[PDB]
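Notes follow the structure.
In what follows, every heavy atom counts, from backbone to side chain, and hydrogens, waters and symmetry copies are set aside. Letters A, B, ... are given to chains in the order of the sequence lines, protein chains preceding strands, and every chain is numbered from 1.
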2 protein chains.
Amino acid sequence: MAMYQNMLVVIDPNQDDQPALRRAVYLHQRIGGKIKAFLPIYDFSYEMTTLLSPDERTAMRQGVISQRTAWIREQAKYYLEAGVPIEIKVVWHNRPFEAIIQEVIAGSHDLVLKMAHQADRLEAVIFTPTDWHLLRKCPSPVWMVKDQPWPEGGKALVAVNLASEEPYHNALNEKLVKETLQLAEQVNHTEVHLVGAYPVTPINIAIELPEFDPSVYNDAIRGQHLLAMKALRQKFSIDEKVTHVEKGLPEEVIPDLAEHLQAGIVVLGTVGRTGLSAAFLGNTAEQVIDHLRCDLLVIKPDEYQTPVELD
Amino acid sequence: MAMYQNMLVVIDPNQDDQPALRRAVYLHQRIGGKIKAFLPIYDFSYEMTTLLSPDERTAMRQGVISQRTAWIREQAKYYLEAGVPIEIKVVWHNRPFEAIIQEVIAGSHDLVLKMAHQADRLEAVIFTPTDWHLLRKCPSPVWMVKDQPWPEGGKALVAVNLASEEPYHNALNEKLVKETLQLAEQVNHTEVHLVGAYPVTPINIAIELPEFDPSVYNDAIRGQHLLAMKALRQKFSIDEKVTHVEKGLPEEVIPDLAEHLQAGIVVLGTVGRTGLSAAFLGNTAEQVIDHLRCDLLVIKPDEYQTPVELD
């Protein structure tokens, strides 16, 4: 099936330009999906309306909605005029991350896009607490669109966890790869790279195990991870030369490699509290995200159950 | 009572230099408290120990603890030698923010200090998801120590919410002021400033109310907020000239004023989910924090109940 057929764009109320919207329109052009431009304003309406009657407060709340609706429509004017299918929805909500996830579930959206600021090209992208909540808890993929362009020739870098999940099978790695291949093809035939990081105990600690040679162990673990990378890449017909296996935690490995490859986007998987390796996967994702200088795509398992309540 | 008598310093495992520790030692010198240098390492120990036996894994986990203990002690060597009371504790934990709050509650700590990075003096301080969790949920005050020095003459800027809480009284404003005065005195006699922001409905929206003059309304609200600022400042013997009442949401007002005043620290109150104006106070705090170029101190109500579980 065509991917990203029902995109939810989170509008940034603090600036006219909307990178997330502009990205969604490009995706409409490439893959054909529809778009909901959604603005959940955190609810400061009561503080804004001190001394007013309840009827006046209602009127002011409604006027804000109508005006913001008009402002979005202005931003999207030529898109709309051209036939791009963009529905505009503005609400007040006590918790914007909750409103977005509830809108995802209610509207059956299959992608969320939201902008993130980058102040300097040598500095990490800035993520807000709303960004973090979404990334952690949204059931659909979340694409954080940095407010700076992709590098020409930019790569897509997929982080895969190659440690054995015996007796189970890692279905998430396959999803990340499959989904990234499909996306990358549509995005100017972007070249997809895979990276498996392998952490090991510091040499000067492991050297204390009796008769134990930490570099021999490390090479063992490297060998295993290379085997698993080879299995994964061959399942998807991916060349060896675009796969990367490196010693370290993911956060020690991925940022340097992303800078080396000029990644346009880094793709990461995380899982629910009940899933295998959930605490590790969440923390390492956070540590990697904290270093990223490019777009981020987080994808979760098919049957991920968000802990956000429905109404 | 002497304040901050049992400080918990969160150690940053990724660098030798510890701004949070250095800050705690200064506070020991000024106010006399003891210090726990606490390092909760997110638990990647199982991924780090692929193919090892359970006994070997135990040994590696323990070796990490011992080595990190030694590394902290090295960082703190002259402090320790000089008689500064610094207890060192290193643990593995699945969720570092939880481990820190649990340590706060178990050890009866009355302050948490943690470093935050600032990449550029013209750019906001960077806050990690662990920082955010702590700020939201830690029952003790949290002092985020940016990794850059205070400006000479730096001010302490306290954000107070002056909207009437009729029929209740705002006890949190008083706590923030009282606590900031006590702290500021000890920190080189730092000059304390108060800021109340007053949001109002956009003129071009409120102008739609019949017979309604939005600038007359705005002035009304300004007058009220000035009255309330005057009451608060007089309770604490604070001069009018170090109080500031300005139209806008807090996040529209405070960052510019902090830059104008060269604030060394901005002090903010937030409350539990059950408290009055909880959603507004949380969101506006986040929006302000997202813009800060200086240290942050968040304080909560005396009977705040953290939603983090005890064991």
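Interatomic distance, B/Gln287 CD to A/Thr128 OG1, rounded to the nearest 0.5 Å: 7.5 Å. Rounding to the nearest 0.5 angstrom, the gap separating the CG atom in A/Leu51 from the CD1 atom in B/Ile221 is 4.0 Å. For the atom pair CD (B/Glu286) and OH (A/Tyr42), the distance works out to 9.5 Å, reported to the nearest 0.5 Å.
One N or O on the side chain of A/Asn283 and one on the backbone of B/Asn94 form a donor-acceptor pair closer than 3.5 Å.
The two residues B/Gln67 and A/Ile205 come nearest to each other via the heavy atoms NE2-CD1, 3.3 Å. Here the shortest heavy-atom pairing between B/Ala206 and A/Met60 reads CA-SD, 3.7 Å.
Heavy-atom distances place the side chain of A/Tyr217, and not its backbone, under 4.5 Å from chain B. Heavy atoms closer than 4.5 Å to chain B are found in the side chain of A/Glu251, but not in its backbone. For A/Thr284, the parts lying near chain B are the backbone and the side chain together; criterion is any non-hydrogen pair under 4.5 Å. Using a 4.5 Å cut-off between heavy atoms, A/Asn161 does not touch chain B at all. Using a 4.5 Å cut-off between heavy atoms, A/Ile289 does not touch chain B at all.
With contacts defined as side-chain heavy-atom distances shorter than 4.5 Å, the pair B/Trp132/A/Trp132 qualifies. B/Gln224 places a side-chain heavy atom less than 4.5 Å from the side chain of A/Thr50. Under the 4.5 Å side-chain criterion, counting only non-hydrogen atoms from C-beta, A/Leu209 is in contact with B/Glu56.
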